[PDB]
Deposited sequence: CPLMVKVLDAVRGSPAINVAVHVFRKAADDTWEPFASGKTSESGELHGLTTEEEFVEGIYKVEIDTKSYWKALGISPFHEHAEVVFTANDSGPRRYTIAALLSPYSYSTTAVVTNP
């Protein structure tokens, strides 16, 4: 697929499983229009978000619902979510998660 999301748990040394992910595309309004969503799998991956035809050049945002994930683990987190915003010009967006920290990386091949 044109776009993949991968999430990791730095506390537990594991894939971050069942994490909600929402993808938005910026409308001509300058508002975000919902585009695709899903939850990460047991391998911490989310696949099948979009297709090559659909995934045109644009400014896209991916919101990962980190706070819900931490809440289910009974660990109190800092962020509301982790947002990745990029201009789409294969994208793997990877996120590594900690309660008071996250990093996000793009692997574009």
Coverage holes, deposited numbering, ordered by position, sit at 90 to 94, 115 to 116
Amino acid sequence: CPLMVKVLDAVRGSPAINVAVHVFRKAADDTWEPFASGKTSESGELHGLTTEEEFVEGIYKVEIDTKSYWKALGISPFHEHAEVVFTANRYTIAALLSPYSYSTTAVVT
From here on, numbers count along this sequence of modelled residues.
For 77 to 85 versus 31 to 39, entry-based mean Cα B-factors point to 31 to 39
Quick note on 67 to 75 and 22 to 30: per-entry mean CA temperature factor is higher in 22 to 30
Quick tally, chain-level thirds of C-alpha B-factors: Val56 sits in the highest
Split the chain's modelled residues into thirds by Cα B-factor; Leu49 lands in the highest
By the entry's values, the third containing the CA B factor of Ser103 is the lowest
